[PDB]
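Enquirer: The data below comprise the sequence and an experimental structure of the protein.
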Amino acid sequence: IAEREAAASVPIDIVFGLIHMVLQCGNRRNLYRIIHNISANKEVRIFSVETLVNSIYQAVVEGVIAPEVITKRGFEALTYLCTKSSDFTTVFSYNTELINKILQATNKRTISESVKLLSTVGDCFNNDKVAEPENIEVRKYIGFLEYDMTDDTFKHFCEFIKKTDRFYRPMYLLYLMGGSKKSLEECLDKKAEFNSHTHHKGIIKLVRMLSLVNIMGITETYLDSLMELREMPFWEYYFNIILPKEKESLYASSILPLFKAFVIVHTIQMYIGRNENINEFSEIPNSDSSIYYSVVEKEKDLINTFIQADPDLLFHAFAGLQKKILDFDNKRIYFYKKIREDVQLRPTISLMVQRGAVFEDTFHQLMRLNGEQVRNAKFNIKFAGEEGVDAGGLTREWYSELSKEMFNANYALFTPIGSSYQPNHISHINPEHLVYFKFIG
Amino acid sequence: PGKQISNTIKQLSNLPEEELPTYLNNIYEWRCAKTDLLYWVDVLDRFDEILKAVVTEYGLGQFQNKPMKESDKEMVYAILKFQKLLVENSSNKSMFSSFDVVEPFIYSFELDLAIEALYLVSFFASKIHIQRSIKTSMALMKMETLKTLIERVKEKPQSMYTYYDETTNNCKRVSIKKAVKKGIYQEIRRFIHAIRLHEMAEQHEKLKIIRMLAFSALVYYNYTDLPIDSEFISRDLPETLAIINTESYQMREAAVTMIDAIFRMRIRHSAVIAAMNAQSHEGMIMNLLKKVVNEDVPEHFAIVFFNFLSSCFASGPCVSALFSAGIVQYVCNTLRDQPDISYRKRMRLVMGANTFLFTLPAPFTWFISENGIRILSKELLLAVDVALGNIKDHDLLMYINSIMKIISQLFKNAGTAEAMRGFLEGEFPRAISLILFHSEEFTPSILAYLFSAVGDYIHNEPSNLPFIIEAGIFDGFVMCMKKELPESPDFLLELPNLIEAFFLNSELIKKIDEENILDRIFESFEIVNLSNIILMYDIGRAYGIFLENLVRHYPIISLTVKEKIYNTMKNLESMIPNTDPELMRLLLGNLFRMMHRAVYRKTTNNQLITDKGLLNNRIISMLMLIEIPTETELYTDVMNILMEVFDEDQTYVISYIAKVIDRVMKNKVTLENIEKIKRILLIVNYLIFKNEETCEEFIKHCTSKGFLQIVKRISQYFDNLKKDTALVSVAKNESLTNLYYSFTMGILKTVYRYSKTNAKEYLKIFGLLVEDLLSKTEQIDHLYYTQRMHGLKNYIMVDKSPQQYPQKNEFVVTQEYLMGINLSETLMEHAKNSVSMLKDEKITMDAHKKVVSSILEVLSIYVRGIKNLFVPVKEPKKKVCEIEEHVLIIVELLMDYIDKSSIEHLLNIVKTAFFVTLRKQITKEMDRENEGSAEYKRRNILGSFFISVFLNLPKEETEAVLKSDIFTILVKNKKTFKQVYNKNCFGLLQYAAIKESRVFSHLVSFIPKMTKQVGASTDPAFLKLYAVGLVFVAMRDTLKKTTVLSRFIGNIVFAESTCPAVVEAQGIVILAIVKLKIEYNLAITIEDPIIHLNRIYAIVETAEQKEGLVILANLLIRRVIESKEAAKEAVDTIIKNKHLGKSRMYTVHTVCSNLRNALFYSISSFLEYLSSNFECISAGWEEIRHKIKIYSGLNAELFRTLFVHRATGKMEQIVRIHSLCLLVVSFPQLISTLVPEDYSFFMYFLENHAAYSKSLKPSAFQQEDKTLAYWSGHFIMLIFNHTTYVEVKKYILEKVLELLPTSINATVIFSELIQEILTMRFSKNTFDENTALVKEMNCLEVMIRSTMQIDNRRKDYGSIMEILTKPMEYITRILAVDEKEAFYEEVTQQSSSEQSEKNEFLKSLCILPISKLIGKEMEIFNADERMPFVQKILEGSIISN
């Protein structure tokens, strides 16, 4: 992960034939290690990577060994280098023209691994080490969005966009507005005879690149085009004509992406800049002539049904929705999920109580620690007297006995109304018993 | 097996293979019990081999025979069908070996073959999750290959098919529509599948279910390696269930099978249940049931459907959903609304009930609420009264059986016991009473279920028992009992349960005693037919337990029960003798199996049925009539019960057996009688040996006149048995004498071991026995005379003093008794009788010799315990001296009749004679006083006789006792010393000198006289004795004498010898002389031993046991090269190992023993080390306070001479190079001294090492050549690693890089050499220097150049390259990492008998460090001795120093 320097033990002449042979051979994992090790010093690293990339360039645009197999082998080798030690990606930042060459050399089969390669390359933007960000020639790469990709390729594209946002927000958004415009126009034109499965690629690309727009944010100048785009009556036409027919005709599995897209198109936000190291300030924009609220009120039942189908949508696409639409069941499941990712680090401690008074001993051994530790503590209960049930049963019975004891007659910390309880009066509650309420909390 | 089963087996085996399918086709269904596959091994093997023959006739590879015989397909179709039929109701399916030929049937063009084979495979793989043992047969074929059939079957989906071929790295369409020739149209099976999909589609339904069955098989193998996702569950499962709904029976059967496969998976289970949609009242499976009941269905199809249904109810959530649908109401209405439904259909209904009623409790509660029990009662009444008054119907009877089982298991569970409220309210009593009053026409299982239900209901609430009682039910039970019981296991198993349920009412006990039904249970035990069943299950244990429960809870009629059981015992006793032995063996085994429980229980009231007298007489008569094997558990439990019987009353039992044996003695003399006595003493020996504690009264009975008289009569009878050889064989006589002796010694051991026995009480028995035996000894019958005297020898064995103190051999009480008998005179009488009969030439010298040895042992152990023997004390030699004189007379008499069989006893006599001396009971003073004693002269003349005997023994006999402690005293007389020295038994003298110093002092005078005979003595013992005598005398004279060695002068030369012992002895002599000369001034001149060294190297090429030779060669060369200061420093370094231990180390003995190597190597070094750097030795007086090698005097010239020897043969070159390795390891600085020119000769090592490649293993190899090359390379590796020189390494690396590119093998081997040059690191700084050099030399360039210049497109070239990667990968990684961490980098970041002996020995040879090498080199002179005299005198020196 750091630059390594040693004596130049290898002559620059032999590595040419060596890279030739590794390209002209198989079972090269060992050879991969050989090249990675010999490229330790800076000079050999630079010469080897430039030689390999020039060879790959000549393999495709310029063309025994077939050009395609040699190209895939060289791409695999480049990935194997760039992945480890993170310093062979730095040579791309050192040159910035070899990047232009490699991006230029990109056929249909290239993207399947070129996406991974470029995602790895994007590390040169993580440290912002470019020093020449004006001549990267990205519009070809952003235009290759029109090709056919997969899920992992999309993830690599997303992380590359996350790396390159602070550098090319203007031009990336400039292309994305037109791309989204043409995608929605295509969906609008074919909506009379649209298919959610035959053109499922269309809905995939639309929702994906709109999500990429969200991750990209919006600028001030493009706001005219953005407000134009948020006023497409394709939404109304679908939800009022095609949604009624596709509910009773087609499978909702391919129809759900359209609902995600409808959420996203109004989920568009406003990023001002990556002022801090790891984040960009986000501000919520507004819609003036939209009857989008009317639409979401119209099919609120379907919205809640689809949210119940998969709560994970709230963390990926459905995050822009208002919780008011959601019922308390889905909201509570989402709340449990949200509170359980920040589980933090959990230390394990023991707990000992007596059947005579669990509450008193629990209070005594729980006031000593802090809120964070007791929050993260794994209560391994040890009931005195009885040892016949597992730790989970011990904790369950400890909780039940605590619940019994806070409402016990002797404690009287809360007075009963029946099933429920309310805290006892200030006159009846002794001043020393107020800490018991903190313990209850 | 079976009866019709055996007929089917033999018919399948023998019938012609043309008529095999026709006969097979008659087998339509399995209306019989399950079996084991072992009975069809012949049929399975025959079918497998005929299938193999057929498929080889077809080809199995390409299915060339497209026009195929219809007889063949019918044959294999029937084979697979009835194979499925057999295995679907079989056991031990893991042995099915016919699986090996089924995949060609799976991929066959014939679709009947494919459906049959895939159905069989699916059934076999169904039980993978349960049995798990059939996978071995399944593993014969690859499961992943069936993924070809995963693609769904469509109406000619694609006419193009893509195949994958390597190297070319392309996949393109193949021609399918051609089909011009049936030959050309792992990928072959996939292509055939594509052809079957495309070309023919008329019969696509069968292959449409072939794909389905293959999918099912891949489900069964592993559901993880399956395409199960949302799409499969959402499409194929609905398609399969639609097939079940609509399509025809034939392929909806396969759909049902695949549905079973799916739902047994238990994945996506909620989704599967919600999708399959039986939750509706018009759900699927009950809809199919409505069809089946309404529209007629094929019988086999109906059976498959109902088995699928039973599979459905088995799952928890499935039956929960089915019950929620309302199946209970459906079945209730179906039963209570129409009776015209077929009987078998109602049967299938009631199996469905038997499943779902017990699967879950909620349907049970609903059914109880729905009051379907009353409907069940009504239909049961209808079924029975249709059966009653009418002829027997098979289906009707088994349906009544189904009703009985459903009601019985419904009543069985207490959680299902809620139905026992409305029992009497219904008409159940009327129906069950009708059944009981007419049980003669019903299946026994019906009766068993009925009785179980009746008993369970009665036990549920015995309050209602009278209501049953006046219902006349028990009367019907009586009528049923009038009929004799059938061959039913479970009915007989459960009958005691109903009988006990009757005992719940006391009046029923009264009536059953009145009517005496228990006669049936009593008489059940003598039935051979039922004996098989009793063997099969645990009937005896159940009946026993029921008996104790009855007697304990209801002992009212216990007297009648006792009477009946004893009558049955006598009955079963009666017919034993006139019956086949095996039948009675097994029947008695079962009978005593249930006796084991029946009586002698710890529970109360069981003692009421434990009669010692009658049962004892019966069991004794039984044992006295039949022979019983020991290993059977029948033997075990009969032993147990007889032990309780005897423990209750020992006296009466022993009296009874005594009178029995006397009475049978009075009978006629017969062989079977002899066997009876044999077994009665067998049992008495058993009971005596097992007995731990004994009452004195039992011993009194043993010494009672009856016991002694019966024992003496037994002895008399045994003697009479020797009278006639014809009636009783001589071997039988020997065996009976042996067993009688064993019995007598056992009982004598018991009585003697018995505490505080009356002395005279023991004496009368023992003296009577011994006098009888000795009287019988001198009779005509001398055949058993040896056996009789061995018997008295064992008598001497047993009457032994406790000797509880360790190392104690003395009589405690028996000594006075023994010489109160005057044994010695009898012994001399028998001795002179033996001498005379020897003179009378009626004895073989061998038999006479063995008699002498036996009597010698007798005397030896007789005198072993006698006190103060040969002890000069005034009072006790009144008789002991007389016995000593007798012993001397006896041993003198038998002088010339001693051989190997007597030496041990005679030496034991010596050891007894000299106990005080050898066990040092003296203070070394009174022994030196008491020489003027008669005992001393007697023991001295005894030893004289002994030495005379020994010197009359050849080498073989002498080697047996070559190391005994007494020889330290025997040869103490210098007269005997010169006598034995002139007798040439010098090894004894060596051991004596090792252990005693006076004989060594005599040898000191002896040495100069024998110094001249050293040369060409050809006696290994003589020469080793010389060498060892010199080493001890030199190191002893170093202790304050220093002068003795100076007086010795001479010169010795050696002649050629072919015996290896001679040459190695000469080498050892050279070792001693040079090792003494280098330190001490010796006047014996010796030439340069190199001549002897090359003699050794020549002879090892031929001789065996090379270890001593090679080790002596290595130690001698190191000794010659090494010097005094080096030896002293090495000894100090070695001692530092135990010096740093700071342990207790209180005794000097441990110090010496663990450092004997330092003791022998140089006493001066060890002495000065202990005087200066004294150890943590307590020394017997408190404790003492405690607290890069450069060597000089070496001889590199000999190393230089040796280095260029260049021998010819294999083994001597190996020896030379091994010596080179040891010296360079020991003294690397010698290499720094070599001539700058000589390094040219390393080409020899490099080339002869390049002869073999261990990695690339070739055939026609030689293991000795392999180890030669390995050692050659080891030399170079040691040069690079353990040495710190630079320039020589530079030269040799230059040479190796020059020689590397010569050829592929040279490149590979030198690359390896560089690799493990770098890997094994002796030191970090040395390794850093090595890395600096190897980087400095640019070797990577030339090695990689030779690497890619030679790269050829070859098959094993890949293996060569992957081998080559490791060295260059390692070195390149080293050259990248910094120098500090590079050191820590690591990898991956009787010709045959002697041949094997030498193969193992070569690997046994290893690199020996200094420590164990020195230890073993001084081991030769130490001869594994634990303490020599030099050690003692040196320890005294250390103490006084």
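Expert: Happy to help now that I have it. Residues are numbered from 1 along each chain as shown, chains lettered A, B, ... in the order given.
Enquirer: Grab the most central residue of the chain for me.
Expert: Answering for chain A, as no chain was given. In chain A, the residue lying closest to the centroid (C-alpha atoms, centre = their mean) is residue A:316, at 7.6 Å.
Enquirer: You answered for a different chain; I wanted chain B.
Expert: Centre-most residue of chain B, counting by C-alpha atoms, centre = their mean: residue B:631, 21.3 Å.
Enquirer: Next, the contact list for that one, please.
Expert: With contact set as C-beta atoms under 8 Å, 6 or more residues apart in numbering or on different chains, residue B:631 has no partners. (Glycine included, C-beta is placed from N, CA and C.)
Enquirer: Wasn't it part of a strand?
Expert: No. Assessed with DSSP: H, G, I helix; E, B strand; the rest coil, residue B:631 is coil; it does not lie in a strand.
Enquirer: And residue A:44, how close does it get to chain B?
Expert: From residue A:44 across to chain B, the span is 10 Å (C-beta to the nearest C-beta, to the nearest Å).
Enquirer: check which helix or strand covers that residue.
Expert: Residue A:44 is located in helix A:42-60, with elements delineated by DSSP states H and E.
Enquirer: Can you tell me what sits against that helix?
Expert: For helix A:42-60, the external contacting residues (C-beta under 8 Å, 6+ apart) are A:3, A:5, A:8, A:10, A:12, A:15-16, A:19, A:23, A:35, A:38-39, A:67, A:70-71, A:74-75, A:77-78, A:81, A:87-88, A:91, A:94-95, A:98, A:101-102, A:104-105, A:107, A:110.
Enquirer: Is the closest residue to chain B within the stretch 201-350 of chain A in a helix, a strand, or coil?
Expert: Going by C-beta to the nearest C-beta, chain B is nearest to residue A:253 of the stretch 201-350 of chain A, at 8.1 Å. Assigned by three-state DSSP, the conformation of residue A:253 is coil.
Enquirer: That one: neighbouring residues, count only.
Expert: 13 (other C-beta atoms under 10 Å in any protein chain shown).
Enquirer: now swap in the one 3 residues further on and tell me
Expert: Here the neighbour count serves as a burial measure; for residue A:256 (other C-beta under 10 Å) it reads 18.
Enquirer: With adjacent residues omitted, what lies nearest to residue 59?
Expert: You didn't pick a chain, so chain A it is. In space, and not counting its chain neighbours, residue A:59 is closest to residue A:71: 4.5 Å by C-beta to C-beta, 6 or more residues apart in numbering or on different chains.
Enquirer: right idea, wrong chain: chain B
Expert: Closest residue to residue B:59 apart from its sequence neighbours, by C-beta to C-beta, 6+ apart: residue B:65 at 6.6 Å.
Enquirer: what's the neighbour count on that neighbour?
Expert: There are 13 residues near residue B:65, going by other C-beta under 10 Å.
Enquirer: and it, that one's in a helix?
Expert: No. Counting by three-state DSSP, residue B:65 falls outside a helix, being coil.
Enquirer: which residues does it contact?
Expert: B:57-59.
Enquirer: What residue in the stretch 101-250 of chain A comes nearest to chain B?
Expert: Closest point on the stretch 101-250 of chain A to chain B, by C-beta to the nearest C-beta, is residue A:197, at 12.2 Å.
Enquirer: Give me the secondary structure label for that residue.
Expert: From three-state DSSP, the assignment for residue A:197 is coil.
Enquirer: quick one, what contacts the spatially closest residue to it that is not a sequence neighbour?
Expert: Nearest non-adjacent residue to residue A:197, counting by C-beta to C-beta, 6+ apart: residue A:254, 4.9 Å away. Shown in contact with residue A:254 (C-beta under 8 Å, 6+ apart): A:196-197, A:200, A:203.
Enquirer: With respect to residue B:1140, which of these is nearest?
Expert: residue A:200 (79.4 Å; C-beta to C-beta).
Enquirer: in the stretch 251-400 of chain A, which spans are helices?
Expert: A:256-267, A:292-298, A:300-309, A:313-316, A:328-341, A:358-366, A:371-376, A:391-406 (DSSP state H, counting those that start in this stretch).
Enquirer: Need the winner for burial among those.
Expert: helix A:256-267 (a mean of 21; mean count of other C-beta atoms under 10 Å in any protein chain shown).
Enquirer: tell me the angle of it relative to helix A:300-309?
Expert: 110 degrees (axes from the mean of the first three to the mean of the last three C-alpha atoms, to 10 degrees).
Enquirer: returning to what we had before: can you tell me which of the contacts of residue A:254 are buried?
Expert: By neighbour count, with 16 or more other C-beta atoms under 10 Å in any protein chain shown, the contacts of residue A:254 hold A:196, A:203 as buried.
Enquirer: before we move on, the earlier item: reformat the helices of the stretch 251-400 of chain A as a markdown table; add distance to residue B:1073.
Expert: Putting the helices of the stretch 251-400 of chain A into a markdown table (distance: least, C-beta to C-beta, whole Å) gives the following:
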| stretch | distance to residue B:1073 |
| --- | --- |
| helix A:256-267 | 102 |
| helix A:292-298 | 113 |
| helix A:300-309 | 102 |
| helix A:313-316 | 94 |
| helix A:328-341 | 88 |
| helix A:358-366 | 86 |
| helix A:371-376 | 83 |
| helix A:391-406 | 80 |
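Enquirer: So which residues make contact with stretch B:28-48?
Expert: Counting by C-beta under 8 Å, 6+ apart, B:1-2, B:4-6, B:9, B:12-13, B:79, B:83, B:85-93, B:95-98, B:100-101, B:300, B:303 sit against stretch B:28-48.
Enquirer: how about it: buried residues?
Expert: B:35, B:37, B:39-40, B:43-44, B:46-48.
Enquirer: With stretch B:1105-1117 instead?
Expert: For stretch B:1105-1117, by 16+ other C-beta under 10 Å, it's B:1106, B:1109-1117.
Enquirer: How about the residues of the stretch 1-150 of chain A by chain B?
Expert: A:4, A:6-7, A:9-11, A:14, A:17-18, A:21, A:25, A:27, A:30-31, A:33-34, A:37-38, A:40-41, A:69 (C-beta under 8 Å from any C-beta of the partner chain).
Enquirer: Quick one: distance of stretch B:132-141 to the chain centre.
Expert: Relative to the chain's own centre, stretch B:132-141 is displaced by 27 Å; criterion: C-alpha atoms, centre = their mean, to the nearest Å.
Enquirer: for stretch B:1317-1327, that is, sorry about that
Expert: With C-alpha atoms, centre = their mean, you get 46 Å for stretch B:1317-1327.
Enquirer: if we can go back for a sec, out of the contacts of stretch B:28-48, which are buried?
Expert: B:9, B:12, B:79, B:83, B:86-87, B:90, B:93, B:96, B:98, B:101.
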